[PDB]
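So you can see what is in the structure, the chains are spelled out below.
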Amino acid sequence: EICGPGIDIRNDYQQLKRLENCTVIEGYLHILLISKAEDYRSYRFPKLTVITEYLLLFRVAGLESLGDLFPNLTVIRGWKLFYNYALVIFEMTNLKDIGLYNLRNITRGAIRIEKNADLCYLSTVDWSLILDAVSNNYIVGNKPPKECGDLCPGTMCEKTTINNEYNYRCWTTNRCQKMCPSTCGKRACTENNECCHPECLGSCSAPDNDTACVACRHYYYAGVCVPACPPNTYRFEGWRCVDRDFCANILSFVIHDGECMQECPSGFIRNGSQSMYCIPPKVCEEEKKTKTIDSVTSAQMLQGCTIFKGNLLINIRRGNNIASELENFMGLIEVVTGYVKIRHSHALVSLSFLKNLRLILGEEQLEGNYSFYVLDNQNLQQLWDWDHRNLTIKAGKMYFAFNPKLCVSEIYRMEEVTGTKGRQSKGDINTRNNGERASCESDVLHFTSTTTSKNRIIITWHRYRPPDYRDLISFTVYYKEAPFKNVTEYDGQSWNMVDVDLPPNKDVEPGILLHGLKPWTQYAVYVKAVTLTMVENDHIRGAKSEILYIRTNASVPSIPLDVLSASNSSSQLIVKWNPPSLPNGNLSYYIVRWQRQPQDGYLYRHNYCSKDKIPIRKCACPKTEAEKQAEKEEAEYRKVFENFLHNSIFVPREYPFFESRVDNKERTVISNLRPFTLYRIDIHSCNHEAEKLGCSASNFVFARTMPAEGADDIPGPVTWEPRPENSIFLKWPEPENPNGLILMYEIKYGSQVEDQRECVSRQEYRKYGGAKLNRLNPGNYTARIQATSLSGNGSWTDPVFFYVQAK
Amino acid sequence: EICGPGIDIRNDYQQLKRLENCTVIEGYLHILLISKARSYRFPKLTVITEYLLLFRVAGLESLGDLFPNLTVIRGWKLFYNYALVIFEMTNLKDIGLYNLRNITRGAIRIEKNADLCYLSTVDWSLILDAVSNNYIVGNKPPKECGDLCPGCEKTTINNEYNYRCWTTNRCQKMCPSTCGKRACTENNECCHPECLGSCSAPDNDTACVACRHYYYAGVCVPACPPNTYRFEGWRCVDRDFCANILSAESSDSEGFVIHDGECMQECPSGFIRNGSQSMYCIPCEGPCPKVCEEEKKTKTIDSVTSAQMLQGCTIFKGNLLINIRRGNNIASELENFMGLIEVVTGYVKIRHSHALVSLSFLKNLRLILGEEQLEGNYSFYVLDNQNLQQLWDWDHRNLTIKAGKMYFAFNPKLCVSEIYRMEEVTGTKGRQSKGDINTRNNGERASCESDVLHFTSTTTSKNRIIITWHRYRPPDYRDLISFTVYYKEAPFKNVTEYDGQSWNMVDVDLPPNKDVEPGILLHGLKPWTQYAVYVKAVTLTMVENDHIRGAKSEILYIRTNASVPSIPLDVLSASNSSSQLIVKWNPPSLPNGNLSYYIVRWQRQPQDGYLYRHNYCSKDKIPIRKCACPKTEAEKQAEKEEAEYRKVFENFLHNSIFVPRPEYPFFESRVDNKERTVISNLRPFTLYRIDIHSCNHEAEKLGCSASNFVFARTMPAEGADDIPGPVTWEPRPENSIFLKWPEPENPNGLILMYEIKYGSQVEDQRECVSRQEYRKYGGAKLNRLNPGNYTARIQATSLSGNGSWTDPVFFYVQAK
Amino acid sequence: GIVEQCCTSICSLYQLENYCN
Amino acid sequence: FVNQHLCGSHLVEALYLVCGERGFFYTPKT
Ligand SMILES: *[C@@H]1O[C@H](CO)[C@@H](O)[C@H](O)[C@H]1NC(C)=O
Ligand SMILES: *[C@@H]1O[C@H](CO)[C@@H](O)[C@H](O)[C@H]1NC(C)=O
Ligand SMILES: *[C@@H]1O[C@H](CO)[C@@H](O)[C@H](O)[C@H]1NC(C)=O
Ligand SMILES: *[C@@H]1O[C@H](CO)[C@@H](O)[C@H](O)[C@H]1NC(C)=O
């Protein structure tokens, strides 16, 4: 069939039966407030395939998924809209999945899906494939993402890059999003993914046959899709063309430019000779005084009107390209008899869309007698009063405030065209809030001289002589740290502001001294003159210097951090560190110095066989005030010295320091050292200017190398000779190279078991090269020896055999 | 000669030569960044009033090279509470300073001196009182140090007792207990009580190096006679001397003054001068008049630094502008620098001051005299302050303007009602006219009337609070979006909403049920405090310009709970005499209540069994080396705008749907008022464990705190470890001798070993006898001695050191 | 619209029998 | 029904509880 105007299903699931036959609807489809929610799955409707207006579902408590109701809904043309939207599913308390798996093309509107408690599978389907301008969609308030978890069967399903993601795309747990490959391009495609005729839209029952098209992307007539409907066929409701047999019999019509409409448009009027003649004004009527405009649904009510005898208030919060559509509906207005106002229209970038507005007669005015009013347009960059087009206000005041991105001169430029200066005070057209972020007209100041040092900058600029020297009041200098040249005046006001006054002497050009700047750093600087913007409005010329880049000279740095060292192998020592705390310039390298520190001559003076002392034993939490004070104090402490190390300390540039320099890495290894001998490691830290200014001071450490195991052991065999009084002398060689030192020797001996033990001092060996064991008992004996070095006891010597004669 | 103000001596020794002639240095002494270009000695220097400092004086091995005679550092002014600093002395191997006897004030800090040994070989408790505040870090690890000084006395260093010494050639000389607290000379002769440091002669006030109280004409005096006045806190001078000294050159340079007998460069806080370039401070009836003035007719303030010049002014005879474009925590510092300015003779003007949300920082302005009234006679003038919410007009302050009307413009967030109240209080009740102080653009975006939330219930704990407030229904229930709660620590009741933001935030959200009064838990507090709390309600005001309000509870003051006190700090103890101990400690870190008293507990710890078994006549050791802040910007608009774009579709659905028809016991005692308690009746040489509890007024119910502990050892009993009786000797075969002698009855802890010194003509031979060996045999046998007469002594090594040698033992060995 | 009756003023029953049972 | 101001979801719930069944309409026939 072809359903009559609209179909509103409500009260109970029974009445839904009205859709039982219908295949295309020339109107909206409302399914609302089926509170009983009982019958549920008792109804099906495969006939519906095309809806020529929006589709709305509201609080149908008993339904699970639209796939049960409308399996074959293929195109929602959206020739009208429901508040910018062609499909709305709101407060569906029990809806789990959308469905509509055959839906393939939405023509005009966006989609709103909101407050659906348990609707998953949202954003899991690539909407850019079904409609353009995905930015105008609005999905919020639904079931939180992490709770359910979208899936397709086997998740084994069709894929693409969903936004920046890459995943399956799921209408519902049982059905993937039926999509055919890109090979068809702009064309439609049938089951098995074969491309059909370029006039089929959505599905298509046969490949490349005009009649098989389910719907027509341009027009439908006599069961055949056609890019333009045949001659003598009048476009009706924007999807089918008819003849006078039809338009003449719809309940109250006219014809014009092939369109069948309810009335003739502007510039054409009824001619009584025949009803068809829309022979070459149009007035909207008012019921409210204030005809607020917020959406294309409300703006479309004005389509075709020449004279609007009401009040306009514009509050367009959002919309990427709504301005394009408002032109077609409102662009034909030429007279607004009442006041005009704007409010939070954060979407408007230009009032150009109001193409043919001329007059604002001000028959009614806001409180305070304003006839044109603009306030808090956070993005209104442009008014429409270019000199090419006229705007005449016949009475009333103006007012402007909080227009951050509207340049104030533009308001004054418009102020001139209407010729309405003699009605406003400062507050109405103040410069202190209206337009303080948009540039344009400006003299140019010329920096005459620049002077720089390591911590200060001095600049001067030419004498700005405005057309009236009294206009200038002062000069303001802006500057901030700017390592890179991608900087603009409007980067946040980070910009430091300084005030400077023109010196009373008129022979000296002004200038400034800036102090407290970081050395070796890039600073941006520009100049804006301050003038009294009044009496001659835009003729107060204003001045702005160009952005100038300055870098102040340089000085010196700091040292190596986390200097650490250890020993992994004999004659080798591993050293690590980090970059210094404040390079104050490009680091280049490190310097490593090392030195032997003597084996303790302080220590081979001690007789360790003699007395030795007894061993004594064996979501960031807050911060309390007092704390703050404490970690302040330590700060002042550590700052009190640094200004000492400075005074630009300037390192121009028993055993001497061996030296080397680091190439690329904050770690180094020094090898081929004397084993177990103590050393010093000293490291400087250098910058690219340390080659001339000198390299930072040192953080140093000591190291004792790994000993050569057994090197402290006796390097030869033990020798024994008899001595009087049944005494025995044992002569052995001293270890040529000790592990730091030879401290002691220990001898264990005995007659049958080596019970005897004694301590032999180093000095005793020095005097005699050995020791005399005296007053031994008669009998045979055996004996071993353990020199003790600084790295621990050596290994015991080979057995020494000697005897004492009883006779 | 008495050197003058602080000497600094950097960049060379040859400037150090300045120290040659003066024996007293007034003020600090800095020695910085020297590098050897040599022997220098300055035996004149004895007293450094104020402090000493050394830093990277390279090549210097010990301070004993320079100042052998430095005896006192009176520390009258300190370096951040340190009376001595030695920092990064890269080549310093010992402090030396061996004549330093007393550091009157301050602590000591010795850090990063990479080769500084001899750190813990000094009884710091004998040179300074507050040993707890010392700070020694990063120096050479004393564990790898030698600390081998001759071998002199020793003292009980907390748990340990060992020798004390400044350097390898000297010991830390101290006086004996016979003189008690008096000073002493080198030969232990008690000095004059008013004397400090060493003495040239005993009990003579004219022979001292430094006088503890005061100095006058070479005579140490406790308090110098009337007609003399205290100077620099160690010496006295006449009246005319102070009049002839001129302070450092400055605009305020003047002669000295006399107050309480003290001579000072300027009058003290609470007192000021008489005008005769006098020499007499006086009482200051109340606050004291400064009268600052400037060069400009008007002092412009562009930032805190420019206001710093007013720091310390009270009466500014000039105009003021404030042009504070930006900068953090500015008001807090303007309070210090300028808040005390109390009479402005000119006008006061603020413009472009986008950093000020409140003028509270002018705490005590009680008059603007308006001698420079502007056009239309304006004397107070604020223009284009895009963030100003509260003039200094709390219920608790008054003001007065002598002349000149007021002007306010382009202040977006200021209630016009607040400025009405302000002009009522200031006496300028009806001077102004409609146009002067407009009602169009002032406060156009202030939520200037607000409903009140009510705290239904409160719940307190130690470390947590649980609080709830009634459900706020605005006229249209979608307008409310969320709740926000503030809290801070507040030990007093003089707090307000506009105190910097100091205030913390939480972000409680509207209840998810519909029969549950909201509530928040504040976790992470600490006991016994008094936190402040108030609630506000984030709400959606769009076209509610006169439809919805905000909500604000009262600042409500509550105090968490009471814990058991916490540990006592820095428990340190020494023993002045045998059978007594002295204990000093610091209050516990967290009182958790008003401290009532402390509890001290001691038990005799057992002497270790480890020491009995081992034969140390045979052993050794070794030397070596080798919840979030979602505020962000989501909250500003990204959740406000996105809930006023779901309240304006919903009002398009309902309006096109609904149509109508036409081992030992424990003791216990209790301290009263001060952290100190002299235990008596203890063992001569017993190691103790001390457990020290803190108990507040609420600990009676909750119990007492955890015990901080330290082990303390008593001074050894002098002479107790010497041999009590004669030695006995007996013959043995093989020309051997057996010696038996009595052990001491009451040894100092234990008797570890005996040393036998013996010989025929001279006692060359020495032997070590273990305690176990004596137990088995009662002595030791000497074997295979040569024939002839012999003499011997024996020495016992107790835990407190060696005892006294015995009466020599005479014995002989016959060949056959 | 219904809101102007109920979201601005009060709506007693007499204002709501019109489209009840 | 409540004597307070009805709006939004609360409005819808109260409206249902007042009317109930078979009484509440939007008429395409008009
Ligand atoms: C559907 O069409 C059949 C066949 O003409 C007819 O009998 C029936 O009444 C129709 N149903 C509706 C609801 O119009
Ligand atoms: C949907 O059909 C319209 C018809 O003109 C076309 O402009 C649009 O690109 C189509 N969108 C998709 C995703 O095929
Ligand atoms: C302001 O508008 C009102 C109403 O149109 C008018 O009566 C009045 O004269 C105008 N001028 C005023 C109030 O100054
Ligand atoms: C409040 O009283 C305290 C006393 O505890 C005082 O220190 C402080 O200066 C007073 N004023 C403010 C703003 O805290």
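Structure determination for this PDB entry was carried out by cryo-EM, with a resolution of 3.6 Å recorded in the header.

### A closer look at the overall build of chain B
Scanning chain B from N- to C-terminus turns up 9 helices and 53 strands. A compact globule built from 816 residues would reach a C-alpha radius of gyration of about 28 Å, whereas chain B, at 39 Å, exceeds it by more than 25%. Principal-axis analysis of the C-alpha atoms gives chain B an extent of 150 × 80 × 50 Å. Of all 816 residues assigned to chain B, the portion counted as buried reaches 44%. For chain B, the accessible surface area stands at approximately 43100 Å², while carbon and sulfur atoms represent 49% of it.

### Quick word on the interface of chain B and chain C
Between chain B and chain C, the residue contacts involve 8 residues of the former and 9 residues of the latter. Interface area for chain B against chain C, summed over the two sides, is near 640 Å², with a carbon-plus-sulfur share of 55%. When the buried surface of chain B facing chain C is broken down by residue, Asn655(B), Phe658(B) and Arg661(B) rank first, second and third, together holding 59% of it. At the boundary of chain B with chain C, the tally comes to 0 salt bridges. Between chain B and chain C we count 4 residue pairs in polar contact in total.

### Remarks on the site of ligand 2
All names here are of chain A. For ligand 2, the full set of nearby residues is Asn-105, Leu-129, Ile-130, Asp-132 and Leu-201. In the complex, the protein chains occlude 58% of the 360 Å² of accessible area that ligand 2 would expose alone. Residue composition of the shell around ligand 2, by class: 3 nonpolar, 1 polar and 1 charged.

### Some remarks on the sheet that holds strand β37 (residues 531-539) of chain B
Residue and element names in this part refer to chain B. Reading across from one edge, β35-β34-β37-β39 is the order of the 4 strands in this open sheet, with antiparallel pairing throughout. Strands at the two margins of the open sheet, each flanked by one partner only, are β35 (504-506) and β39 (556-558). This sheet shows a mean twist of 30° between the axes of neighbouring strands, independent of strand direction. Where strand β34 (residues 480-489) and β37 come together, 9 bridges link them in antiparallel fashion.

### Description of the UniProt feature "disulfide bond" in chain B
Residues and elements named next belong to chain B. The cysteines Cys-152 and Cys-171 carry a UniProt disulfide annotation, and their SG atoms are 2.0 Å apart, under the 2.5 Å mark, so the bond is there. A residue pair is termed long-range when its members are at least 10 positions apart, and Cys-152 in the loop between β11 (135-137) and β12 (154-157) and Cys-171 in the loop between β13 (160-163) and β14 (195-199) qualify at 19 residues. For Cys-152, a relative accessible area of 45% corresponds to the partly exposed category. With its sulfur atoms placed 2.0 Å apart, the pair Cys-292 and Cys-313 listed by UniProt as a disulfide is counted as bonded here, the threshold being 2.5 Å. Taken together, the positions of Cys-292 in the loop between β23 (282-283) and β24 (298-301) and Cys-313 in the loop between α2 (304-307) and β25 (315-316) put the pair 21 residues apart, joining distant regions of the chain. In this structure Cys-313 comes out as buried when scored by relative accessible area, which is 6%.

### Regarding the sheet that holds strand β10 (residues 138-140) of chain A
Residues and elements named next belong to chain A. The parallel open sheet is built from 6 strands, whose spatial order is β1-β3-β5-β7-β9-β10. A single partner strand is all that each edge strand has here, and the edge strands are β1 (7-9) and β10. Direction aside, neighbouring strands of the sheet carry axes that sit 10° apart on average. Direction of pairing for β1 relative to strand β3 (residues 29-32): parallel, over a ladder of 3 bridges. Within the sheet, the bridge partner assigned to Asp-8 lies in β3 and is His-30.

### With respect to the interface of chain A and chain B
Chain A puts 60 residues into the contact, and the matching count from chain B is 60 residues. Seen at the junction of chain A and chain B, the total is 5 salt bridges. A salt bridge links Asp499(A) to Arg325(B); the nearest nitrogen and oxygen atoms lie 3.4 Å apart. Where chain A meets chain B, there are 9 residue pairs in polar contact. Counting only elements with at least two residues in the side of chain A that touches chain B, the list comes to β5 (55-58), β7 (85-90), β9 (110-114), β10, α6 (426-429), β40 (496-500), α7 (625-645) and β51 (696-704) of chain A. Among the elements that make up the side of chain A that touches chain B, the one with the highest residue count is α7(A) (7 residues).

Cut-offs used in this document
- Residues numbered from 1 in each chain as written, not as in the entry; some residues may be left out.
- Chains lettered and ligands numbered in written order.
- Heavy atoms only, no water.
- Helix = DSSP H or I, 4+ residues; strand = E, 2+ residues; numbered from the N terminus.
- Rg over C-alpha atoms; globule rule 2.2 N^0.38 Å.
- Buried < 20%, exposed > 50% of the residue type's maximum accessible area, 1.4 Å probe, protein only.
- Areas by Shrake-Rupley, 256 points an atom, 1.4 Å probe, with all protein chains shown as cover.
- Contact = heavy atoms within 4.5 Å.
- Buried area = accessible area lost by both parts, 1.4 Å probe.
- Salt bridge = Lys/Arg side-chain N within 4 Å of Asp/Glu carboxyl O.
- Polar contact = N/O pair within 3.5 Å; in protein donor to acceptor, adjacent residues only side chain to side chain.
- Near = heavy atom within 4 Å.
- Nonpolar A, V, L, I, M, F, W, Y, C, P; charged D, E, K, R; others polar.
- Pairing = 2+ DSSP bridges.
- Axes fitted to C-alpha atoms, helices over the stretch in contact; angles between N-to-C directions.
- Disulfide = S-S within 2.5 Å.
- UniProt positions renumbered as here; feature names shortened; annotations may be inferred.

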